[PDB]
Structures are given as structure tokens and as C-alpha cells.
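Undergrad: Any chance you could fold what I've pasted below:
(chains A and B, ligands or ions: 2)
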Amino acid sequence: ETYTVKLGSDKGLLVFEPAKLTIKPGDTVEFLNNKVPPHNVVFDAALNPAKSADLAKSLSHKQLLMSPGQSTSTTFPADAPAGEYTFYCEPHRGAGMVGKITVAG
Amino acid sequence: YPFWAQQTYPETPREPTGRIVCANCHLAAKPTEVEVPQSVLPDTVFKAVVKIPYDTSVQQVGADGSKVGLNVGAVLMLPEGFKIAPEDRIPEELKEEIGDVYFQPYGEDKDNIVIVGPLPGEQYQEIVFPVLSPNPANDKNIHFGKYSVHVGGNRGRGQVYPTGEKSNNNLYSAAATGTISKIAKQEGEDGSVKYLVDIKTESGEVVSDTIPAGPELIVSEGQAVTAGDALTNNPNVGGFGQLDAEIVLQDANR
Ligand code: HEC
Ligand SMILES: [Cu+2]
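TA: Residues are numbered from 1 along each chain as shown, chains lettered A, B, ... in the order given. Ligands and ions are numbered 1, 2, ... in the order given. Below is the structure in question.
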């Protein structure tokens, strides 16, 4: 469901904790721009079982989220089996700001 | 973006030529302004206001080919000792002027260099940087004297990535002399794949440059073309500018 991904663990570092969110087929989780911004995430049409963006595209977000203290949400279909729908913090892509949504299956 | 400049020039944003690394990739040149108070007293907050104007009606090619408005960013270089003012010292009148921007230091060590961006330009053509003035009594190396303040102000997309690849906000020159034997705009997903070939009749060789979505052609089939000639218009409607101001850290007495 709509859970919060604190894009750079607010009083911690520029990371995606707890990195492996094992969500369910749908989960309207949000990406939250807490500090050192912005954080937008494209979706892995590269790193995952169903690396098929067309499934929704909304899945793969992007373009500088200048939301000082606010979040954006990414919903799935119900037709989401064994999926590691990995997400990208674009201007940070590598500094441990990468996450792997794991829809059970 | 400022962030690439941070990632690969932490101690050389003002190249020894006096030019700022933004120029390296944001190639076009457009004006940037900066007003700064004539003088300031130790340990007081003041505002270095920077302007990065441009005809707002213009539009630029986005990364995907569609056309969209521009965003803005900047680098402000202060002397050592000077630094972003903390929140408690920013009064409310100044606080509303800054909106809700987030100044980052260029590097944790470089407190005196302060960046911002990308942010929409419609909202932030002008930017107000709070700055706490230092105190010689509590800082021996700092003194009551004139001081320079350089600035860089960008608008719109640049032409080259840190890897050296071109972006689709730039001129695609020919990589060949020759005649053009075939052309075809095709549609892919976000935007057109432009396709073409050149016959280097001189060297008896064929090549197939490729042009991304967003630009639009000058040349046609069967036209003689020279190496390095402009195949497309230049779609860059943004650019980069820089200037400096002087500031007098002033003794309370005279
Ligand atoms: C080595 C590369 C490089 C450097 C250095 C660089 N930029 Fe950029 N910049 C680019 C490119 C390429 C883009 C286009 C990115 C894209 O496709 O969205 C861009 C885009 C931007 C944008 C967003 C424009 C928009 O509308 O989307 C701003 C603002 C910007 N740069 C500011 C700056 C400032 C200020 C600095 C440095 C203090 C800087 N840049 C340095 C390459 C650079
Ligand atoms: Cu981030």
C-alpha cells in the first residue's frame, strides 16, 4: 500500500532504506524528497524479472522532484507476479540511492 | 546540472582562465547579472541576488524530444570565511524571498562555494542567496578589505554529458563529405529516429550518421554536403553566463 521511501534516510545519508521493500501486487508507495534534492526514480526495464516498463511506465518516474519535504507515488497493476521492480534516484544514481521493490509473486 | 560539476571538479570550478566549468558543456553564452551590497559589517546576513534572465516564451527540446520550458541553476563563489547563513539568522522577510530552495555546498569542505539547481526558471529566474559575513576578530586569516565574488548562472539544457556524448539539444554536424543518397524520418516511441546515408564519392565509402528526435533538418536528398556541415538547425535556446562583484568587509569603526 502507500508506504514512504525517505529518499536519503532524513537524518542518515543519501540512501534508500530499507532497500528491499517486499510489496504486494499494487502498493502505491511514495518517493519522499527529504534533504539533498531532488530524487526522481526511473524503473528498471534492465535490472528485474519483468523488466517490461510498458506494463505501466508510471512505474518508471524521473525529472528533478523539487519537492522540499514532499513525495510522489508509484502504483502497479494487480497482474504483478515475482517482480523486483527496481527504482532509480536519477541525479544520485549510484550513491546508494537505488531500491528494489519486490512484489512477492 | 551542478551535480556533474561537483562530481568531477571539486577544486577547479573556476578554471585558471577565470572561466567556470559550466561553460565546458553549456556552450551557448547568455547574460547573468548579480547585485551585491556595497559593504557589510562582520557577522551580519546579507543577500547576493543573482539574475539569470531569458525570454520566457521560448521552449527547449527536452531529453525525450518533446518541447518544454527551461530550468535554471547556478554556482556562487564567495571568499573563505563567508558561507550559507544558518536558518535562525535568516529573518522572515528574507525567508519568504528564498521560497523553499536548498543551497548545497559545492563540497563539504568548500563551505564558501554554494550551488543550487535544477529548479524551474519561471519561478527562479532571480535567486536570493543569504550569506553570513565572517568576523576578523573571530578569524585571523580574514581581514577588513575588498573581496571578489564570482558567479555562474545557467538556463536550459547543455550540449555535452560528462562522458563526452552529445545530447539532443545541440547541432548534429555531418561526419562526412559526400552526396546524400537516401532520407527517412521514422517514428519510434517517444520521438522520431531520423535516418540517412552519405556517399563519400571522393574516398569511395558510405557512412550512416544518425540524428535523434527533436531537431529538424536543413539538408535534403541528393545535396552535396561537406564534412562538419550542419545537418540540423541548432536547437539550443538556453546558455550560460558569468560575472563578478566586489564586496567590502567593513570595520564597524573608521
Ligand atoms: C559535464 C557536464 C555538465 C556540466 C559541467 C554542467 N552541466 Fe548542467 N547539463 C548538462 C547537460 C547535458 C544537461 C542536460 C541534461 C538532460 O538531458 O536533462 C544539463 C542540464 C542543466 C540544467 C537543467 C536544464 C533543464 O531545463 O532541464 C541546469 C539548470 C544546469 N544544467 C546547470 C548547471 C550549472 C549551474 C552547472 C555548474 C555549476 C552545470 N550545469 C554544469 C551538462 C552539464
Ligand atoms: Cu536522490
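
Undergrad: distance from the centroid: which residue in chain B tops it?
TA: Distance to the chain centre peaks in chain B at residue B:204, reaching 42.3 Å (criterion: C-alpha atoms, centre = their mean).

Undergrad: Run through the bridge partners of the residue nearest in space to the middle of chain A.
TA: Among the residues of chain A, the one closest to the centroid is residue A:87, at 4.0 Å (C-alpha atoms, centre = their mean). Residue A:87 has the following beta-bridge partners by DSSP bridges: residue A:43, residue A:99.

Undergrad: got it, and residue A:71?
TA: Counting by DSSP bridges, residue A:71 is bridged to residue A:32.

Undergrad: Backbone dihedrals for the residue in chain A that ligand 1 sits nearest to, both of them.
TA: Of all residues in chain A, residue A:64 sits closest to ligand 1, at 7.3 Å by C-beta to the nearest ligand atom. All C-beta spots, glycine's among them, are computed from the backbone N, C-alpha and C. With angles defined as degrees, to the nearest 10, residue A:64 sits at phi 40, psi 80.

Undergrad: quick revisit: how close does the residue farthest from the centre of chain B get to residue B:178?
TA: Residue B:204 is 10 Å from residue B:178, where distance means C-beta to C-beta, to the nearest Å.

Undergrad: Kindly report the same for residue B:89.
TA: Distance of residue B:89 to residue B:178, given as C-beta to C-beta: 65 Å.

Undergrad: How about residue B:94?
TA: Distance, residue B:94 to residue B:178, using C-beta to C-beta: 61 Å.

Undergrad: Could you do residue B:163 as well?
TA: As defined by C-beta to C-beta, residue B:163 lies at a distance of 28 Å from residue B:178.

Undergrad: Tell me which of those two has more neighbours.
TA: Neighbours per residue, other C-beta atoms under 10 Å in any protein chain shown: of residue B:163 and residue B:178, the larger number sits with residue B:178, 20 against 5.

Undergrad: Pairing partners for that one in the sheet, please.
TA: residue B:225.

Undergrad: hmm, who's touching stretch A:39-57?
TA: With C-beta atoms under 8 Å, 6 or more residues apart in numbering or on different chains as the test, stretch A:39-57 has contacts from A:7-8, A:31-33, A:59-65, A:72, A:74-77, A:80-92, A:97, A:99-100.

Undergrad: switch to 7 Å and redo it
TA: Contacts with stretch A:39-57, where a contact means C-beta atoms under 7 Å, 6 or more residues apart in numbering or on different chains, come from A:7-8, A:31, A:33, A:59-65, A:76-77, A:82-90, A:92, A:97.

Undergrad: Can you flag the buried ones in the residues you listed?
TA: Applying 16 or more other C-beta atoms under 10 Å in any protein chain shown to the contacts of stretch A:39-57, the neighbour count classes A:7-8, A:31, A:33, A:59-61, A:63-65, A:76, A:83-90, A:92, A:97 as buried.
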